[PDB]
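Notes follow the structure.
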Amino acid sequence: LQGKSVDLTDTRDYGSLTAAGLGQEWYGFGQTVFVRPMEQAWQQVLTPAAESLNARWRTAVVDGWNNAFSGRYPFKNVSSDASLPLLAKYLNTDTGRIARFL
Amino acid sequence: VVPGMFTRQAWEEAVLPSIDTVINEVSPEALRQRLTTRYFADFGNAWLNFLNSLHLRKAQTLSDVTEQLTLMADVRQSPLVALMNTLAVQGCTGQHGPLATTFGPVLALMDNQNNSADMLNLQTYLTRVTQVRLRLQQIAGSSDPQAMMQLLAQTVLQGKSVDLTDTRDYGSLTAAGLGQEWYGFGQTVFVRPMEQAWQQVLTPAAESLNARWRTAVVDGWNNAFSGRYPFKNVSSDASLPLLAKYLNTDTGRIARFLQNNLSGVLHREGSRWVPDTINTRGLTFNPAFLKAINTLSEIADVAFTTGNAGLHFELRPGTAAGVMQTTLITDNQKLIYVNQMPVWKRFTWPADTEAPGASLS
Amino acid sequence: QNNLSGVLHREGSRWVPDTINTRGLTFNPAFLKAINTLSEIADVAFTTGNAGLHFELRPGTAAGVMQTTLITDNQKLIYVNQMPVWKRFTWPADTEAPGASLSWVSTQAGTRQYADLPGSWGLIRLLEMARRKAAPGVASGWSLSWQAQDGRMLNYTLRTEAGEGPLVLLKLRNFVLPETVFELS
Amino acid sequence: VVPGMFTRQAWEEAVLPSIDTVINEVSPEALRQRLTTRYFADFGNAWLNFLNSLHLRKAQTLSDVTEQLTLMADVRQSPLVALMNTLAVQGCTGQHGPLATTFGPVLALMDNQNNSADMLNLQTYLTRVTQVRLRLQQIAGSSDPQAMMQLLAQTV
Amino acid sequence: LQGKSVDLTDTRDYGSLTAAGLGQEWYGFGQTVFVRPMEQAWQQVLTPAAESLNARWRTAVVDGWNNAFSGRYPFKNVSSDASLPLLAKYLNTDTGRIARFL
C-alpha cells in the first residue's frame with residue numbers, strides 16, 4: 001500500500017506486460033491467465049491483514065489508553081482526574097502515541 | 001474380509017456365462033434383468049459392509065502420527081489410494097454404469113470429471129493433510145525447550161489463524177457430505193486421521209494453558225483473597241481496590257487475560273463471554289469456567305461500572321407492628337425514621353470516610 | 001532500538017517479544033519483567049522527559065493529635081483539625097533545601113518530629129516508612145498511616161492522578177538489572 | 001535402497017532379451033509397448049522413492065556445517081555432481097527418452113546450456129552456497145567472531 | 001581467553017576425540033599422532049598470551065594495590081591506614097576494579 005517490489009505487486013506488473021503485449025485480440029485470455037491468478041491472491045491477502053490492524057490497535061493504543069484513563073473525569077463521572085501531562089502524550093498531532101501509530 | 005464374488009475379475013469369469021445356463025432352465029431372456037439388479041443390490045452391499053467396518057491404527061506420542069501422515073498422502077507407494085484404485089475400477093463393471101447409486105459419491109472423488117460439484121475431491125485432501133504433516137515436522141525437528149511446540153498451538157488459540165479453518169474442516173466437508181450410508185467409513189478415512197493429528201498438537205497446549213491460567217490470575221486470587229468476606233464469613237476483608245483490578249470490565253486482570261490468550265475461541269458479545277462453535281476442535285471448556293466468568297462479568301457491569309468500586313442506590317423506609325424509631329447508619333450516611341411520610345434518600349457505597357461500617361437500631 | 005530491532009517491540013508502554021523471528025531465541029523471563037518495570041516507572045514519574053509528578057494529599061484525623069506538619073521540599077501542610085482539603089504537591093521541586101519531615105503535636109507532650117530525611121529522595125524515604133494500604137473510600141486512593149512514637153497514629157490520604165503516583169518508585173526497592181538477555185541451555 | 005533390477009545395464013542386458021522370451025510363450029509386438037511402459041512407469045517409481053528418502057547428515061558447531069559446504073560445492077570431489085552424473089546416465093535409458101517426463105526436471109538442472117541465460121541450473125547454486133561458506137570462514141576465525149556473528153544475525 | 005570462541009572448541013578437542021576413543025592399545029601412538037602436533041601449535045600461540053596477560057594484570061590491579069595499600073592496617077600492623085573507600089573500589093562485588101577486570 002505504500003511501496004513496491006514485494007513481489008506481489010511486481011508479478012502483476014509483469015503479468016500485464018505480457019498480456020497487453022499479445023494483440024488486443026486475445027484480450028480476455030491475456031486477462032484471464034496472466035493477471036487474474038495473481039490478483040486473486042491480493043483480494044485474499046487483504047482481509048486477514050485487515051484483522052491484524054485490529055489486534056495491533058487494541059494492544060498498542062487502546063490497551064494503553066484504557067490502562068490509564070479508565071474511570072477518571074472527564075471520561076467517567078467520578079472524583080479522580082485524568083492526568084494532563086500524560087494526556088498530551090496521546091492526542092498530539094506530531095509525536096502523540098495516537099498520531100505516531102497511524 | 002470381503003468374500004470375493006463381487007469383483008471385476010469375478011464378473012468377467014463364471015457369472016455371465018453362468019446365468020444363461022439357468023435361462024434355458026416369465027420370458028427366459030428377461031431373467032437376467034431381474035437377476036442383475038438383485039446381484040447389483042448385493043454387489044456393493046458386501047462392499048458397504050466391509051468398508052464401514054474398518055478402523056485406523058491407534059497412534060500416540062507424536063512419533064507415529066507423522067509416520068501415519070507420510071505413509072498416507074504419499075505418491076503411489078502408499079496406501080489409501082491403492083485402496084481407492086481398487087475401488088476405482090470396480091465402479092465400471094458392466095459398461096456410466098448399472099452400479100451408479102451405490103458407488104456414486106466415492107467414485108465422485110477421483111474422477112476429475114465432476115466439473116460442477118464444488119470440487120470436493122480426494123486429491124486436494126491428501127495435500128490438505130500433507131501440510132499438517134509438514135508443520136508437524138518442524139515440531140518433530142528442534143522442539144528444544146518444549147516451547148515452539150505450543151507456538152504452533154497458540155495459533156489454534158488466539159486468533160492468529162488464517163489456515164486452520166481449512167485443514168480441520170476439509171476432512172469433514174467431504175465425509176459428512178458423502179452419502180450418509182458411507183458413514184462409519186467416512187469418519188475413519190477422513191476425520192479420524194486428522195483428529196489424531198490435531199489432538200497431539202492441541203492437547204499439550206490445553207495442559208499448558210492451565211499452567212498459564214493459575215500463575216497469572218488464580219494464584220494471585222487465592223493467594224490474596226482466600227478466607228475473606230464475602231468469599232467466606234470471617235472478619236478479615238477482601239480489599240475492594242484489589243477486587244477492582246481483577247474483575248474490571250475492560251482493564252481488569254481477567255479481561256486483560258482472555259483478550260490476550262483466548263481471543264480466538266472466546267468472545268465478549270454484549271456482556272457475556274460466549275465460546276465459538278466454529279474454531280473449536282473440540283476444545284471443551286470447563287463448564288464451571290464459562291459459568292464463573294459469566295458471573296464475574298455480571299458484577300462488573302453493576303457494581304464496578306466506573307472502573308473503580310462504587311454505586312448509588314436509594315432507600316425508602318418501611319413500617320411494622322410495634323416500632324417507634326428505626327435508625328440506619330451506613331458509612332456516616334444517616335437515615336432516621338419515626339413513621340413519618342416516606343422519602344427516598346440517595347445512598348453511596350463505599351463512602352469516603354475514616355470509619356466505614358453500618359449500624360442498625 | 002539498535003540491537004534488538006527485530007525481536008522486541010515497543011507496544012503501548014511495555015516491551016513484548018516479537019512473535020516472528022523467535023525460533024530458538026528465548027528471553028530471560030526476568031529480563032522482560034525488568035524492562036517492563038523500568039518502562040512503567042517511566043510513564044508515571046518521568047513523563048515529560050525529566051523527573052516530575054503531581055500527587056494530592058488530604059490530611060487525616062487521629063485520636064489525640066492536635067497538629068501534624070508534613071513538609072516536603074519547602075511545601076507545608078499544617079493541619080490543626082479543620083475541614084480537610086487537598087494540597088496538590090509536586091516532586092521533586094527545584095527549591096533550595098529538598099527534604100521531607102513530619103512533626104506531630106500531641107495532647108500530652110510537645111512537638112516531637114517523626115523523621116527528618118533530607119535530600120532529593122526524602123519523600124520516597126517517607127512513603128517507604130509508612131504503613132500503607134489501598135483505600136476503598138476514594139479512588140485512586142491510598143490511606144497512608146505512619147505510626148509515630150508514643151502509640152500515636154498520623155493518618156493521611158494519598159490520591160494520585162495516574163497509575164500509582166509516587167508509590168510507584170517503591171518498585172525500585174532492591175531492583176537489579178539482569179545480567180543476561182538471552183537464556184542459553 | 002533401490003532393489004537393482006532397474007539400472008541402465010539391466011535395460012540393455014537381460015530385459016530386452018527377456019521380453020522376447022515371454023512374448024512367444026494377442027499380437028506380441030503391440031504388447032512390447034504394453035509391457036515396457038508398464039515397466040518404465042515402475043522404473044521411475046522405484047527411483048523416486050529412493051531419492052525422496054534421502055536425508056542430510058545432522059551437523060553442528062559451525063565447523064561441521066562449513067565443512068559440508070566445502071564438500072557439497074566442490075567439483076572433482078563431492079556428491080551432487082557425482083550423484084547427478086550417475087543420475088544423468090539413467091535418464092537416458094531406452095533411446096528424448098521414454099521416461100524423460102519423469103527424470104525431466106532433475107536433468108534440466110545440470111545442463112548449463114541455458115539458452116535463456118537465467119535458469120536455475122544447479123550451478124549458480126554451488127557458487128551461491130560457496131559464497132555463503134566464504135562468509136563463514138571470515139567469521140569463524142580471523143578475528144573476534146562472536147562480534148561478527150551478531151552483525152550477520154542482526155541484519156537477517 | 002574471554003568468550004569470543006565459536007570455533008576453538010572444535011580444533012583442540014578433535015585431536016583428542018579420535019585418539020582417546022581409538023582403542024587404548026594405540027595409546028602412546030594416538031597421543032603423538034593427533035594431540036601432540038596440535039598441542040605444539042596451541043602452546044606457541046597461548047603462551048605469549050598468558051605471559052602478556054600478567055603484564056596486564058599488574059598494570060591495572062596489582063600496581064594500584066601495592067602502590068597504595070602496602071604497609072597499612074590490616075595488611076600489616078602499622079599505624080598507617082588503608083583508606084576504606086579505596087578498599088571498596090577494588091574488591092566490590094559487581095563494580096570493583098577486580099570484578100570489572102575478570
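By order of appearance in the C-alpha cells: chains A, B, ..., then residues from 1 within every chain, and ligands from 1 in the order shown.
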
Residue 120 of chain D: which residues within 12 Å, counting only C-alpha atoms, same-chain residues fewer than 2 positions away excluded, as a VMD selection string? chain D and resid 105 to 118 122 to 128

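Once the Cα atoms of chain E are best fitted to those of chain A, pair by pair, the RMSD stands at 4.0 Å.
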
Can you list, as a PyMOL selection string, every protein, DNA or RNA residue that comes within 10 Å of residue 87 of chain A when you count only C-alpha atoms, leaving out same-chain residues fewer than 4 positions away? chain A and resi 65+68-69+82-83+91-92+96-97

For the residues selected in the previous step, produce a file with C-alpha atoms as a PDB file, in the first residue's frame.
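And here is the file that came out, part.pdb:
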ATOM      1  CA  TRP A  65      -5.354   4.398  26.917  1.00  0.00           C
ATOM      2  CA  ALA A  68      -4.504   4.941  32.388  1.00  0.00           C
ATOM      3  CA  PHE A  69      -7.828   6.736  31.788  1.00  0.00           C
ATOM      4  CA  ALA A  82      -7.269  12.350  34.217  1.00  0.00           C
ATOM      5  CA  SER A  83      -3.627  13.294  34.175  1.00  0.00           C
ATOM      6  CA  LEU A  91      -3.530  13.293  21.473  1.00  0.00           C
ATOM      7  CA  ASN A  92      -0.821  15.257  19.796  1.00  0.00           C
ATOM      8  CA  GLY A  96       1.425  11.679  20.167  1.00  0.00           C
ATOM      9  CA  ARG A  97       1.022   7.966  20.734  1.00  0.00           C
TER      10      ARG A  97
END

Find the residues in chain A near chain B: any atom within 9 Å counts, using only C-alpha atoms. Write them as a PyMOL selection string. chain A and resi 48+52+59+63+66-67+70-72+76-78

Please, could you write that set of residues out with N, CA and C atoms as a PDB file, in the first residue's frame?
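Below is the file that was written, again_27.pdb:
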ATOM      1  N   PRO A  48      -7.359 -11.003   5.857  1.00  0.00           N
ATOM      2  CA  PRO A  48      -6.657 -11.360   7.089  1.00  0.00           C
ATOM      3  C   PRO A  48      -5.798 -10.233   7.611  1.00  0.00           C
ATOM      4  N   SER A  52      -5.322  -7.927  11.306  1.00  0.00           N
ATOM      5  CA  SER A  52      -4.131  -7.731  12.118  1.00  0.00           C
ATOM      6  C   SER A  52      -3.921  -6.286  12.514  1.00  0.00           C
ATOM      7  N   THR A  59      -3.954  -3.592  21.270  1.00  0.00           N
ATOM      8  CA  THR A  59      -2.812  -3.865  22.123  1.00  0.00           C
ATOM      9  C   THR A  59      -1.707  -2.849  21.961  1.00  0.00           C
ATOM     10  N   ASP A  63      -5.178  -0.463  24.667  1.00  0.00           N
ATOM     11  CA  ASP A  63      -4.789  -1.036  25.941  1.00  0.00           C
ATOM     12  C   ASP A  63      -3.680  -0.248  26.620  1.00  0.00           C
ATOM     13  N   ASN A  66      -6.887   2.784  27.881  1.00  0.00           N
ATOM     14  CA  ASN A  66      -7.739   2.277  28.942  1.00  0.00           C
ATOM     15  C   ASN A  66      -6.955   1.948  30.196  1.00  0.00           C
ATOM     16  N   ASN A  67      -5.665   1.675  30.074  1.00  0.00           N
ATOM     17  CA  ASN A  67      -4.880   1.338  31.244  1.00  0.00           C
ATOM     18  C   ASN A  67      -4.595   2.540  32.120  1.00  0.00           C
ATOM     19  N   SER A  70      -9.162   4.838  32.521  1.00  0.00           N
ATOM     20  CA  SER A  70     -10.419   4.174  32.818  1.00  0.00           C
ATOM     21  C   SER A  70     -10.928   4.665  34.155  1.00  0.00           C
ATOM     22  N   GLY A  71     -12.066   5.334  34.150  1.00  0.00           N
ATOM     23  CA  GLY A  71     -12.651   5.751  35.404  1.00  0.00           C
ATOM     24  C   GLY A  71     -12.001   6.985  35.972  1.00  0.00           C
ATOM     25  N   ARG A  72     -11.740   7.950  35.115  1.00  0.00           N
ATOM     26  CA  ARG A  72     -11.286   9.253  35.540  1.00  0.00           C
ATOM     27  C   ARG A  72     -12.148  10.299  34.865  1.00  0.00           C
ATOM     28  N   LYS A  76     -15.205   9.158  32.821  1.00  0.00           N
ATOM     29  CA  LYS A  76     -16.263   8.664  33.684  1.00  0.00           C
ATOM     30  C   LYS A  76     -16.503   9.669  34.796  1.00  0.00           C
ATOM     31  N   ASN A  77     -17.767   9.874  35.152  1.00  0.00           N
ATOM     32  CA  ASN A  77     -18.134  10.916  36.112  1.00  0.00           C
ATOM     33  C   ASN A  77     -17.766  10.488  37.529  1.00  0.00           C
ATOM     34  N   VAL A  78     -16.487  10.611  37.860  1.00  0.00           N
ATOM     35  CA  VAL A  78     -16.026  10.235  39.188  1.00  0.00           C
ATOM     36  C   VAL A  78     -15.235  11.364  39.811  1.00  0.00           C
TER      37      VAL A  78
END

Excluding residue 37 of chain C and any residue of its chain fewer than 3 positions from it, enumerate the residues within 12 Å of it, using only C-alpha atoms, and give them as a VMD selection string. chain C and resid 13 to 15 30 to 34 40 to 44 168 to 173 175 to 177

Export C-alpha atoms of the chosen residues as a compact mmCIF listing (two decimals), in the first residue's frame?
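That gives us out.txt:
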# COMPACT_ATOMS: atom_id res chain seq x y z
CA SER C 13 4.07 1.05 27.04
CA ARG C 14 5.56 -2.39 27.67
CA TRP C 15 8.06 -4.32 25.61
CA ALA C 30 13.42 -11.90 34.50
CA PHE C 31 14.70 -9.55 31.81
CA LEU C 32 11.25 -8.94 30.39
CA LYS C 33 9.99 -8.39 33.92
CA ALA C 34 12.82 -5.92 34.41
CA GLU C 40 6.34 1.51 33.80
CA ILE C 41 8.12 3.87 36.16
CA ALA C 42 8.96 5.84 33.03
CA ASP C 43 5.28 6.52 32.34
CA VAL C 44 4.43 7.63 35.87
CA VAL C 168 5.48 3.63 42.06
CA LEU C 169 9.08 4.47 42.89
CA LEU C 170 8.82 1.76 45.52
CA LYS C 171 9.03 -0.71 42.68
CA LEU C 172 12.68 0.31 42.54
CA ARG C 173 13.41 -1.06 46.01
CA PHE C 175 15.93 -3.67 41.83
CA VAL C 176 18.71 -5.22 39.78
CA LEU C 177 19.22 -5.19 36.04

Against chain A, which residues of chain C fall within 6 Å? For each one I want the closest pair of atoms and the distance in Å (one decimal), counting only C-alpha atoms, rows by chain and increasing residue number, as a tab-separated table.
residue	atom	partner	partner_atom	distance
C:11	CA	A:60	CA	5.0
C:12	CA	A:60	CA	4.2
C:161	CA	A:83	CA	5.4
C:162	CA	A:83	CA	5.8

With a distance cut-off of 10 Å and only C-alpha atoms, select the neighbouring residues of segment 39-45 of chain E, excluding the residue or stretch itself and same-chain residues fewer than 4 positions from it, and output the selection as number ranges by chain. E: 11-12, 15, 31-32, 34-35, 49-50

Counting only C-alpha atoms, which residues of chain B come no farther than 10 Å from chain D, as a count of residues only? 4

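With distances taken over only C-alpha atoms, B:146 is the one residue among B:180, B:196, B:146, B:226 lying closest to chain C.
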